[PDB]
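Student: This structure is in structure tokens; I'll ask about it shortly.
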Amino acid sequence: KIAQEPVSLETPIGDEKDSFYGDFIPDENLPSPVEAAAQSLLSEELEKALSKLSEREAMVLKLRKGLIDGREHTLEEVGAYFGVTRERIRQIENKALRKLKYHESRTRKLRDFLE
Amino acid sequence: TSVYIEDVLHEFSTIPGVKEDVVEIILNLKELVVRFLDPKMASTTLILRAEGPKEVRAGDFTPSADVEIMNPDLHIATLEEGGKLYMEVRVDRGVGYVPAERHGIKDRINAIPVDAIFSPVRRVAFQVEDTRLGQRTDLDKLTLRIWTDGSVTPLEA
Amino acid sequence: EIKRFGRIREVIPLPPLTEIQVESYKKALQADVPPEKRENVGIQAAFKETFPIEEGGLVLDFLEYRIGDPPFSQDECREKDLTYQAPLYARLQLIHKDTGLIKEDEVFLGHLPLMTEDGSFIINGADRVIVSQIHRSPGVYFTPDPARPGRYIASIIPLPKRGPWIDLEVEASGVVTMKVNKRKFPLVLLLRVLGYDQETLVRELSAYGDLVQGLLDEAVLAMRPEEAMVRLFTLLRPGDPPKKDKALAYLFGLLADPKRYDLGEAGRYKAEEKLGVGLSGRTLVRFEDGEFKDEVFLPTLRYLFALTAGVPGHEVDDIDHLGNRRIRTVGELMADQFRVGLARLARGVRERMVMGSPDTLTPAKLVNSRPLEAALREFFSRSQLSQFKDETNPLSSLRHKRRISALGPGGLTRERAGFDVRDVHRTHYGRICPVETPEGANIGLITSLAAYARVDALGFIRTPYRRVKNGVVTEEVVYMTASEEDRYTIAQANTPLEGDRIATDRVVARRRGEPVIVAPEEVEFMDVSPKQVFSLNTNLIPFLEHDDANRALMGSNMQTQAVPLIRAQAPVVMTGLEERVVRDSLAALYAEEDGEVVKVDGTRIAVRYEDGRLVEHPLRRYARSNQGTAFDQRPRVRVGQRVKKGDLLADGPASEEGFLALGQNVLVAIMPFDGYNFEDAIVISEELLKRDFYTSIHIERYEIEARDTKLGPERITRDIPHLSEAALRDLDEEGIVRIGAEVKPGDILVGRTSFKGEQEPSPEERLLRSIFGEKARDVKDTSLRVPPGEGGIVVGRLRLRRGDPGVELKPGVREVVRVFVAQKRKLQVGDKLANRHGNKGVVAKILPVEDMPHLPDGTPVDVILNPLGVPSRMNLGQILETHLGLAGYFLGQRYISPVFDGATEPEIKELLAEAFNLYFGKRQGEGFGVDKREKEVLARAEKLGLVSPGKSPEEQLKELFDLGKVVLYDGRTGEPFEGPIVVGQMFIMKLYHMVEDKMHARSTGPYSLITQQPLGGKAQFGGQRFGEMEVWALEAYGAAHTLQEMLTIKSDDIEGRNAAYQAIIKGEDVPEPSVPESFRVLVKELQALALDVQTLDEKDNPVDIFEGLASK
Amino acid sequence: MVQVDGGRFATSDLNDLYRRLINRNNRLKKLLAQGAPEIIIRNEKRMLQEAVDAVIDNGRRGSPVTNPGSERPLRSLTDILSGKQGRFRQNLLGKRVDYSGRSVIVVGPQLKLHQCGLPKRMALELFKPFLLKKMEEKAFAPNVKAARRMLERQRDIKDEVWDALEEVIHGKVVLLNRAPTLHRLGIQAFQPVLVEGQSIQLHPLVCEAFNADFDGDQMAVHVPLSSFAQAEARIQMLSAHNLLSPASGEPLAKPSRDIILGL
Amino acid sequence: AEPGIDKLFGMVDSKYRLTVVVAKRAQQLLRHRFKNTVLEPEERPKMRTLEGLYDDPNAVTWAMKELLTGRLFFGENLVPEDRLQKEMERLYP
Amino acid sequence: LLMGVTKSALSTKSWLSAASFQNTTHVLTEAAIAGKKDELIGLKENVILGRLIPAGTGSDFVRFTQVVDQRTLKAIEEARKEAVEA
Amino acid sequence: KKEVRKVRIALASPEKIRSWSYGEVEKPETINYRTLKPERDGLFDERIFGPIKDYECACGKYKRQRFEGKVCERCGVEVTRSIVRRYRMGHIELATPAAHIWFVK
Amino acid sequence: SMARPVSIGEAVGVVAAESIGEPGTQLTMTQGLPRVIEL
DNA sequence: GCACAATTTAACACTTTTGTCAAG
DNA sequence: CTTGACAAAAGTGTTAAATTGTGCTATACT
Ligand SMILES: [Mg+2]
Ligand SMILES: [Zn+2]
């Protein structure tokens, strides 16, 4: 398998002289418009769906998913952020997600994005 | 409308002991006329069985209540030596022309729809001549000719 | 019933039309032929030429070659994607030069693809075909100088890559300079080692005139062969030091070498009887004891200097003549590539023996596979003379085989063909079809063979004729060659033959293709039949003499674009060739001996023949082809009956009872209909959709592979992470779609599972994943869902996993799945439709049987064609076809009208008088009379003089009905049409092109990797292109933004298309795009050229088009 | 350089060029160090001046370098620019686009000069970004994402859409182009009237300007998104408006064939 | 055909000037959802539908009927590009 | 000096015009040498830049138009007098 | 952020091209036959042209936009968008000066 | 096209180009198209 | 083509952090 | 909301296995 070398992208395909093999290759290294709009809808709907939660748990939630600084903060950090223990934050998440569960099982706005 | 056979996976399948494929059988199933002895029926199910060396036909079906074939001589399939064939159809009544591609069946595993030619009227031709039965001249004698199959009488038409 | 016309009775039937691909290949096979007594030409000419291999010192030699029985059958090689080939072993002998010790030891060569029954090989598991090639025949030729008016330039050519070109052009000097491989050297020079000095350069030179002295030099005439040999050698080869023996060994291979110069037998032969001498071999000279004994160069001047003089018998040759042009067939090029590929092995032989252990060696270590194997594998695929077989219908392959291409490697190209290699030469006649050829820019470039034409060994084409002695047609059937034709004086088949004798004193004939009035005495020959004057498809066109070539072209080719039909029906008017077509195409089943049918069973037809042995002929029902057109064979016989050998037991895909059946015969109405038939358009009757007319079947191929990535191997299964019970329905068990289940555009045929490259989910996405807590499985769905527009049932399951018996899979591939999809397509609205007279059109809006232009018998027509493209395109064939069809309707008798010999106006007129006399009588009998509406039409038509006044309506409508026209009632109104309208039965065809497969559109699809431009084509799921033409058009309109839309947001722009799908989806007006991104790449590409491309603004100022990107 | 289905790789010719360059330019740098004879230097340095040029204009000197075994010339920097299919003519002054498509053409007798039959299916996937929002406003699905999956999967195209699409259609008109494009009139703006079938209807008169007939000819269709551009499409690019020939000055869509015959 | 075209063309000196007007104005109409314009409830370009007959959402047509009345004013350097977009975004949300 | 349309197409002002025409190699050289800056005066010389065409509706004459409705027009009709009193 | 009405064309000089390049491609290799990652100096090397993946350094210590543009102290790759690999060129330093075939032929 | 004085900002060059560009396919039957090129 | 130094990788013993449970 | 107790997961350190990078041989051969 490793023996065989690559393939010239200039290899003409079909019985014509106007065709190439290069152009027949798509692009996955760049977002599609539908994908930008998709990630936008998730980033939005999740925001408004976030608003309906306790002030502390709304924050702690996006601190554990890395929605704030892009990095994820372990329980040890969150507890030091508010001043609670690493046990309290843990429970806070449990009641958090499960609290949005109820609103989502209804509104069904975010029931999508299930691939 | 609806057709099913024991060993068939599709409209192109070939059943042992048969001369023709399923689609040629449907080619004769679209030419099959069956009247209803009752005006209140919305459907039915015809049954058929054939063994041995025999030529199956519309008359070979299993007779029942409120059904009469008007063409027992309609050739369906030719069963050769030992050829065994089971078959059943659902002849529903409707109006106009609806191809199989527009109506479903979902009877069972392989339920193959067929085109529907309702229109028991085959052809109609009328002629307008000069009538001798009235006061003045240049009048018309209408003569309408009706050609229909078995399902309905021309008068009824 | 059946009826035939014409007084011309063919004496010799049509020879098998399939032998041109099979026989010419058969000769070069010599499979049956014993290893001792063979023919030496063909493939054994490749062995004896590349042998013996001689070069401390060795001698190999060829002995025999065996034909390996095929490793696998046809079908297997097809479903395995394997080439249908077979081992070719070979026995040679390695002998010591000194030791006198002999070592034989047979070895192996490779796999040589074998031809099937029809005449088409199978490469890489695909059905391909080798089309014939054409190029001028080898020999000496003389033409007027392309530069000088007052002379003629001779020339010599052997074969492509079998030797160099040779030309003698006299430069404007008065001396002479021969040219070969781009260089000019004195013609007198060349005679160096040729054995001609001064006194010899005069003796036959002075036999002419003024041309003696330009052929006598001095400065080089002093020296002799071994001196001037190096003289021109220092010039023609300034790559290596001007040595002596290196000028001997070099030039030895340019002419004297019979193995490095292969002058086709045609060349030796023809050029021989042309010049007036004779050659021993195929060579220009001879390596005789050191120096070079002349062969060709001396006799090529005894002609070239004779013609230029003006002596009788010596003259210019016709470059485009057919006797000067040969046909490269299968057994020709196959052998050429085999030998030139074998010489590459001969060198791989001479490098192994010259080292290692010269004592212990056998050819078992001295040969090789690849130099030959790859040489053949290359030809059977990449060459222009090998392409995808035409399976669109049975007649399709039969035409594709008889096609002669002027293109290909050793042919010509679209550049160097002006007129000459296109135009129809006088000699063409019964050899090449004068009409059939692609309507595109290739007209005249690729034509076909004539139905009676043949190709001998030399390559010339000989057309059948009949000898005659003083108005007596002899049974002698002569196949005269192209040149042989110009000699005698040939008559025609339409000649006045009275009982094997001549009738008129002025008969039609010609000389060299020059029509002239001729006497009953001076007639030397005659035509077998006008059929030979055309091709196959062209001969399927009735009343073709009533139409024009332009339309006949399409009328033929479209028949190849034709598709089968479930209810397909042969025309009620043919030329009577369809019979031989269905047979010679070998698409049907017949009786080999005189048997009796034992069992029908539309799978296997058993027939126990009189020979007592029981033989059955299994059938292939509903099987995919190349174009998707099904291959069906309908059994025609009872459960038992005795038949005679040659009798049809089963139809073909297009065959009806042994008659080629393309489309169907409907009732055509020639009349304008609300402009729906506008400009060669077509309307139709819904009543056709009822009988399933013009309704065919199509199959499609779908496959997938289990790749083993870097991460890990994939696999086929019914397991998918996010899938729902619904989509998993039709998949039976192992996770593949069952047999006979619906597949909508986007249904999963076969599921595949693969490990996605591990990448952390985006933060928002990680939260969403944290709500439902859906387990993120390593494996993701790789499955294969059928593309849009393609839907139907599933009639096949072929899965071949590797490591299985009889199947080799590509390295790195576990398994492969292949599903077939059947579709019953009904004639839709817009699908192509045409007739045998080259009248195209689409389907514009069918129409309820209710409102239709019917007749007094309540019979509605089925088409309503527009009476416009008749007077323009000038094809009156469809008119006479329909004219006969009109009577043939009431008589039901199928007619056969041979090409250029057939029913005339009086005949058909008689059939119409008959058909009417019984038709109208059916009205009288059934209790009726002349309709009032009919009276109306007869009257207003009598006013214009369409019917002779003073005659009763019976006779008027009789003259009209026989004219081809009748009275039509509009199904809508009920009133009769003003004038009479012609109708009748006509043959029409549903062509290849189907809207269903040609329709497409997209919004936001994939984009090219290089530039973000949208992909093209259909399958790529992409939009159309906006040509420079379009850009200009928009510019002419003045649409600024509409043009920019095409150049930004909708094409290669990045943020633009995203802000479009963003805005539109929310309603805001589309933002203003910026960088086309093709331009950014254009600029960077220029930067690679050390070109500083700077963008400015409103005042000579730097503008950064790459945001923070390349700034550094 | 990227891999495709099956696992096999692919690469540009300019890569191998840009490689076979560095090789020689490197070996040379080693020789100019280790003290090697002038012959080897002068020759090795020669292949540098030719390789470099090969990455620039390949073929303007000698037989072009090709991948070993194949006769296919390597495409250099200059090979991309100049030429029919080069980055100028194929990727700048023309390109494939978004929101478009095509099909066979069919006669329009019941259609005004501003009308055309637009395929039911083709229009849906053509206006998808629009209809999505039309489904947003007009109930049925809560939001944009819903509409998407509610459409792509499952031909559930029930009247909820078959009508709403008509709601986003009214007003704005699309464009039909017949190739070759000679006359600017070979691209006209017509009203998107949803019709059954895969075919496309066109007005019989202006059908002449496209040099078109229905023998199986095919036309392409695009949608002018920007309202600014849409205006252009209806004001000038509209077929109804341009009736005269911009070339001759004489009328364009006039009676033809059948019509003439009747009148 | 677009009714009024003979009058529309007959207004501006050029051809395309009309397009620029129709376009920009339609833009202002879709920006404010028709609450800017000069049309009375019987002038409003209604769109008939099987459901209900509302006002045609197409801005192009709205701009058409708008200029056909002449109630609109257009020209080069009419007003400062600053306030022109400042007071247009104020009067209406 | 009269010349063929082709000669005039290659002898034009902008470099981008002939660059997309033909003999590109010969164009860019002579261009870069003298360092010529295109003004994008021509249309095709613009289409390359993916900009707005100098002609048509995008013309530098008619693209400067402005549209105002009576109510808002008077609303800005007061705007000019709000700077003289303030 | 500024109108574009003019486009110049000039001759690039070696010292200018040195400014363009983000690195000198030394090793004439493409990628590893196994890891499929750009070779140390390979013509596709991320360490100069840019990351193959958005806002990720090669070794993967800086994985987020939190750190933007900061060059890695381990791998040496600038954490940024993966799009930068279309606009960031390289250069090759020739031991012996050579001419441009254009001006020559 | 409009039977009225040409509008300002018109692309008339491209217009002309098309105007003579279309007939170029019918000049087969004089000196034909080659003359046109020769001019 | 091979002996082998060079460097990379998977190998694995084990320490520390982090998610987590019953009970205050 | 909080401890303490724990197991699983993620570190951190030293190794055995493997994978890859290099110099080199001697009849003569130009
Ligand atoms: Mg056409
Ligand atoms: Zn790093």
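Residues in the structure tokens are named by chain (A, B, ... in the order shown) and by number from 1 within that chain; ligands are numbered from 1 in the order shown.
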Check which residues fall inside 6 Å of ligand 2 when counting only C-alpha atoms (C1' of nucleotides) and all ligand atoms, and print them as a PyMOL selection string.

Tutor: chain G and resi 57-62+72+74-75

Student: For the residues in that selection, give me N, CA and C atoms as a PDB file, in the first residue's frame.

Tutor:
ATOM      1  N   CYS G  57      -1.506  24.749  17.297  1.00  0.00           N
ATOM      2  CA  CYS G  57      -0.090  24.567  17.012  1.00  0.00           C
ATOM      3  C   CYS G  57       0.148  23.087  16.716  1.00  0.00           C
ATOM      4  N   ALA G  58       1.287  22.781  16.101  1.00  0.00           N
ATOM      5  CA  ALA G  58       1.626  21.406  15.737  1.00  0.00           C
ATOM      6  C   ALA G  58       1.531  20.438  16.917  1.00  0.00           C
ATOM      7  N   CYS G  59       2.383  20.651  17.918  1.00  0.00           N
ATOM      8  CA  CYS G  59       2.447  19.768  19.079  1.00  0.00           C
ATOM      9  C   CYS G  59       1.135  19.730  19.860  1.00  0.00           C
ATOM     10  N   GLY G  60       0.360  20.808  19.791  1.00  0.00           N
ATOM     11  CA  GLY G  60      -0.951  20.832  20.423  1.00  0.00           C
ATOM     12  C   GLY G  60      -0.996  21.351  21.851  1.00  0.00           C
ATOM     13  N   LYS G  61      -0.038  22.199  22.212  1.00  0.00           N
ATOM     14  CA  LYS G  61      -0.075  22.845  23.520  1.00  0.00           C
ATOM     15  C   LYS G  61      -0.997  24.062  23.521  1.00  0.00           C
ATOM     16  N   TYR G  62      -0.978  24.852  22.450  1.00  0.00           N
ATOM     17  CA  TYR G  62      -1.921  25.956  22.353  1.00  0.00           C
ATOM     18  C   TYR G  62      -3.058  25.520  21.430  1.00  0.00           C
ATOM     19  N   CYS G  72       4.501  29.181  19.004  1.00  0.00           N
ATOM     20  CA  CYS G  72       4.752  28.089  19.926  1.00  0.00           C
ATOM     21  C   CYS G  72       6.231  27.999  20.278  1.00  0.00           C
ATOM     22  N   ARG G  74       7.532  25.276  21.521  1.00  0.00           N
ATOM     23  CA  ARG G  74       7.870  23.864  21.358  1.00  0.00           C
ATOM     24  C   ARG G  74       7.986  23.484  19.884  1.00  0.00           C
ATOM     25  N   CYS G  75       6.863  23.554  19.172  1.00  0.00           N
ATOM     26  CA  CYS G  75       6.815  23.231  17.745  1.00  0.00           C
ATOM     27  C   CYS G  75       7.310  24.378  16.864  1.00  0.00           C
TER      28      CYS G  75
END

Student: Neighbouring residues of ligand 1 are defined here as those with any atom at most 10 Å from a ligand atom, counting only C-alpha atoms (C1' of nucleotides) and all ligand atoms; list them as an MDAnalysis selection string.

Tutor: (chainID C and resid 679:680 840:841) or (chainID D and resid 105 211:218)

Student: Distance limit 7 Å, atoms considered: only C-alpha atoms. Which chain C residues sit that close to chain A? Return them as number ranges by chain.

Tutor: C: 722, 763-764, 766-767, 771, 811-812, 1006-1009, 1057-1058, 1061-1062

Student: May I have the residues from that selection written out with N, CA, C and O atoms, as a PDB file, in the first residue's frame?

Tutor:
ATOM      1  N   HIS C 722     -26.472   7.464  14.869  1.00  0.00           N
ATOM      2  CA  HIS C 722     -27.621   8.354  15.049  1.00  0.00           C
ATOM      3  C   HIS C 722     -28.873   7.968  14.258  1.00  0.00           C
ATOM      4  O   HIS C 722     -29.848   8.722  14.211  1.00  0.00           O
ATOM      5  N   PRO C 763     -17.122  24.322  21.467  1.00  0.00           N
ATOM      6  CA  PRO C 763     -17.693  24.559  22.799  1.00  0.00           C
ATOM      7  C   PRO C 763     -19.222  24.524  22.844  1.00  0.00           C
ATOM      8  O   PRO C 763     -19.795  23.786  23.656  1.00  0.00           O
ATOM      9  N   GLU C 764     -19.866  25.289  21.968  1.00  0.00           N
ATOM     10  CA  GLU C 764     -21.323  25.303  21.885  1.00  0.00           C
ATOM     11  C   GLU C 764     -21.835  23.889  21.633  1.00  0.00           C
ATOM     12  O   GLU C 764     -22.805  23.430  22.248  1.00  0.00           O
ATOM     13  N   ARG C 766     -20.256  21.184  22.367  1.00  0.00           N
ATOM     14  CA  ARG C 766     -19.998  20.353  23.533  1.00  0.00           C
ATOM     15  C   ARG C 766     -21.113  20.540  24.551  1.00  0.00           C
ATOM     16  O   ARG C 766     -21.481  19.601  25.265  1.00  0.00           O
ATOM     17  N   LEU C 767     -21.690  21.737  24.582  1.00  0.00           N
ATOM     18  CA  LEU C 767     -22.796  21.984  25.497  1.00  0.00           C
ATOM     19  C   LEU C 767     -24.029  21.242  25.007  1.00  0.00           C
ATOM     20  O   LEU C 767     -24.666  20.514  25.774  1.00  0.00           O
ATOM     21  N   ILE C 771     -26.372  18.362  26.821  1.00  0.00           N
ATOM     22  CA  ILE C 771     -27.788  18.380  27.201  1.00  0.00           C
ATOM     23  C   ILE C 771     -28.394  16.979  27.055  1.00  0.00           C
ATOM     24  O   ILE C 771     -28.807  16.379  28.047  1.00  0.00           O
ATOM     25  N   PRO C 811      -5.057  -3.632  -2.661  1.00  0.00           N
ATOM     26  CA  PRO C 811      -4.388  -3.578  -1.358  1.00  0.00           C
ATOM     27  C   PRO C 811      -4.951  -2.469  -0.481  1.00  0.00           C
ATOM     28  O   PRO C 811      -4.976  -1.305  -0.888  1.00  0.00           O
ATOM     29  N   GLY C 812      -5.407  -2.836   0.711  1.00  0.00           N
ATOM     30  CA  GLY C 812      -5.940  -1.871   1.654  1.00  0.00           C
ATOM     31  C   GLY C 812      -7.456  -1.808   1.645  1.00  0.00           C
ATOM     32  O   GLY C 812      -8.057  -0.881   2.191  1.00  0.00           O
ATOM     33  N   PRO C1006     -20.590  21.829  -3.030  1.00  0.00           N
ATOM     34  CA  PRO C1006     -19.137  21.711  -2.894  1.00  0.00           C
ATOM     35  C   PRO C1006     -18.396  22.748  -3.730  1.00  0.00           C
ATOM     36  O   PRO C1006     -18.965  23.325  -4.657  1.00  0.00           O
ATOM     37  N   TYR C1007     -17.129  22.964  -3.403  1.00  0.00           N
ATOM     38  CA  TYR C1007     -16.305  23.936  -4.102  1.00  0.00           C
ATOM     39  C   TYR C1007     -14.925  23.344  -4.361  1.00  0.00           C
ATOM     40  O   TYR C1007     -14.414  22.578  -3.545  1.00  0.00           O
ATOM     41  N   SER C1008     -14.339  23.686  -5.505  1.00  0.00           N
ATOM     42  CA  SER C1008     -13.019  23.188  -5.883  1.00  0.00           C
ATOM     43  C   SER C1008     -11.979  23.525  -4.815  1.00  0.00           C
ATOM     44  O   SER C1008     -12.015  24.595  -4.213  1.00  0.00           O
ATOM     45  N   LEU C1009     -11.077  22.590  -4.552  1.00  0.00           N
ATOM     46  CA  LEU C1009     -10.079  22.789  -3.510  1.00  0.00           C
ATOM     47  C   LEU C1009      -9.153  23.969  -3.809  1.00  0.00           C
ATOM     48  O   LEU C1009      -8.925  24.819  -2.947  1.00  0.00           O
ATOM     49  N   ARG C1057     -20.607  34.503  -0.095  1.00  0.00           N
ATOM     50  CA  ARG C1057     -21.599  33.436  -0.169  1.00  0.00           C
ATOM     51  C   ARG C1057     -22.142  33.090   1.214  1.00  0.00           C
ATOM     52  O   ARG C1057     -23.318  32.730   1.369  1.00  0.00           O
ATOM     53  N   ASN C1058     -21.298  33.258   2.227  1.00  0.00           N
ATOM     54  CA  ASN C1058     -21.695  32.931   3.586  1.00  0.00           C
ATOM     55  C   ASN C1058     -22.608  34.005   4.145  1.00  0.00           C
ATOM     56  O   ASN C1058     -23.518  33.707   4.912  1.00  0.00           O
ATOM     57  N   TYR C1061     -26.105  33.281   2.225  1.00  0.00           N
ATOM     58  CA  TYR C1061     -26.873  32.248   2.911  1.00  0.00           C
ATOM     59  C   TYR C1061     -27.249  32.716   4.314  1.00  0.00           C
ATOM     60  O   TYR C1061     -28.237  32.259   4.878  1.00  0.00           O
ATOM     61  N   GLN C1062     -26.438  33.607   4.882  1.00  0.00           N
ATOM     62  CA  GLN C1062     -26.742  34.221   6.171  1.00  0.00           C
ATOM     63  C   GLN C1062     -27.910  35.201   6.069  1.00  0.00           C
ATOM     64  O   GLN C1062     -28.915  35.051   6.762  1.00  0.00           O
TER      65      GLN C1062
END

Student: Please report, as a ChimeraX atom specification, each residue of chain B to which DSSP assigns strand (DSSP E or B) when run on this structure's backbone.

Tutor: /B:2-5,18,34-35,46-50,55-57,68-69,75-79,85-90,97-98,112-113,116-117,121-130,140-148

Student: Could you please select, counting only C-alpha atoms, the residues of chain F within 9 Å of chain C and state them as a list in words?

Tutor: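 Therefore, the residues near the partner are residues 28, 32, 37, 43, 44, 47, 48, 49, 50, 51, 52, 53, 54, 55, 56, 57, 58 and 59 of chain F.
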
Student: So that I can see what lies close to residue 31 of chain G, please list as a list in words the residues with an atom at most 10 Å from it, counting only C-alpha atoms (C1' of nucleotides) and leaving out residues fewer than 2 positions away in the same chain.

Tutor: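 Counting only C-alpha atoms (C1' of nucleotides), the residues come to residues 1 of chain D; 28, 29, 33, 34, 35, 36, 37, 38, 39, 40, 41, 42, 43, 44 and 45 of chain G.
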
Student: Would you please give, as a CSV table (one decimal) with N, CA and C atoms, in the first residue's frame, all residues of chain G that DSSP assigns to helix (DSSP H, G or I) based on the backbone?

Tutor:
chain,number,residue,atom,x,y,z
G,14,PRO,N,15.1,40.0,-5.1
G,14,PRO,CA,15.4,39.0,-4.1
G,14,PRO,C,15.2,39.4,-2.6
G,15,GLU,N,15.7,40.6,-2.3
G,15,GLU,CA,15.5,41.1,-0.9
G,15,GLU,C,14.0,41.3,-0.6
G,16,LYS,N,13.2,41.5,-1.6
G,16,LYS,CA,11.8,41.6,-1.4
G,16,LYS,C,11.1,40.3,-1.2
G,17,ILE,N,11.5,39.3,-2.0
G,17,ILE,CA,11.1,38.0,-1.9
G,17,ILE,C,11.4,37.3,-0.6
G,18,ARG,N,12.6,37.7,0.0
G,18,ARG,CA,13.0,37.3,1.3
G,18,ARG,C,12.0,37.8,2.3
G,19,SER,N,11.4,39.0,2.1
G,19,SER,CA,10.5,39.5,3.0
G,19,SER,C,9.1,38.8,2.9
G,20,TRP,N,8.8,38.4,1.6
G,20,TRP,CA,7.6,37.6,1.4
G,20,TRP,C,7.6,36.3,2.2
G,46,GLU,N,4.1,23.0,8.3
G,46,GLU,CA,3.3,24.0,9.0
G,46,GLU,C,4.0,25.0,9.7
G,47,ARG,N,5.2,24.7,10.2
G,47,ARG,CA,6.1,25.6,11.0
G,47,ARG,C,6.4,26.9,10.3
G,48,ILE,N,6.1,27.0,9.0
G,48,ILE,CA,6.4,28.3,8.3
G,48,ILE,C,5.1,28.7,7.6
G,49,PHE,N,4.5,27.9,6.8
G,49,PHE,CA,3.3,28.2,6.0
G,49,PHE,C,2.1,28.5,6.9
G,82,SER,N,-6.3,28.2,9.7
G,82,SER,CA,-5.6,27.3,8.8
G,82,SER,C,-5.7,27.8,7.4
G,83,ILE,N,-6.3,29.0,7.2
G,83,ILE,CA,-6.5,29.6,5.9
G,83,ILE,C,-5.2,30.3,5.5
G,84,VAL,N,-4.4,30.7,6.4
G,84,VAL,CA,-3.1,31.4,6.2
G,84,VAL,C,-2.2,30.6,5.3
G,85,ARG,N,-2.4,29.3,5.1
G,85,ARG,CA,-1.5,28.5,4.3
G,85,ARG,C,-1.8,28.7,2.8
G,86,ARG,N,-2.7,29.6,2.4
G,86,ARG,CA,-3.0,29.9,1.0
G,86,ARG,C,-2.3,31.2,0.6
G,101,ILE,N,13.7,32.8,-17.1
G,101,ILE,CA,13.6,32.4,-18.5
G,101,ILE,C,12.7,33.4,-19.3
G,102,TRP,N,11.8,34.1,-18.7
G,102,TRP,CA,10.9,35.0,-19.4
G,102,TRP,C,11.7,36.0,-20.1
G,103,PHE,N,12.4,36.8,-19.4
G,103,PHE,CA,13.2,37.9,-20.0
G,103,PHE,C,14.3,37.4,-21.0
G,104,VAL,N,14.7,36.1,-20.8
G,104,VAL,CA,15.7,35.5,-21.6
G,104,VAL,C,15.2,35.1,-23.0

Student: To one decimal place in Å, what is the distance between atom CA of residue 151 of chain C and atom CA of residue 295 of chain C?

Tutor: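 Here the two named atoms are 24.7 Å from each other.
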
Student: Give me the residues within 12 Å of residue 4 of chain J as a ChimeraX atom specification, counting only C-alpha atoms (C1' of nucleotides) and dropping any in the same chain fewer than 5 places off.

Tutor: /A:87 /I:21-24

Student: Return the single residue from D:8, D:45, D:257, D:112 that is closest to chain G, with distances computed using only C-alpha atoms.

Tutor: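 Answer, going by the shortest atom-to-atom distance: D:45.
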
Student: To one decimal in Å, tell me the separation between atom CA of residue 636 of chain C and atom CA of residue 19 of chain B.

Tutor: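 Separating atom CA of residue 636 of chain C from atom CA of residue 19 of chain B is a distance of 8.7 Å.
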
Student: Would you list which chain C residues are within 9 Å of chain B using only C-alpha atoms, as JSON, numbers by chain?

Tutor: {"C": [566, 567, 599, 600, 601, 602, 603, 621, 622, 634, 635, 636, 638, 639, 689, 690, 691, 692, 739, 740, 741, 793, 794, 795, 822, 854, 855, 856, 857, 858, 859, 928, 929, 930, 931, 932, 933]}
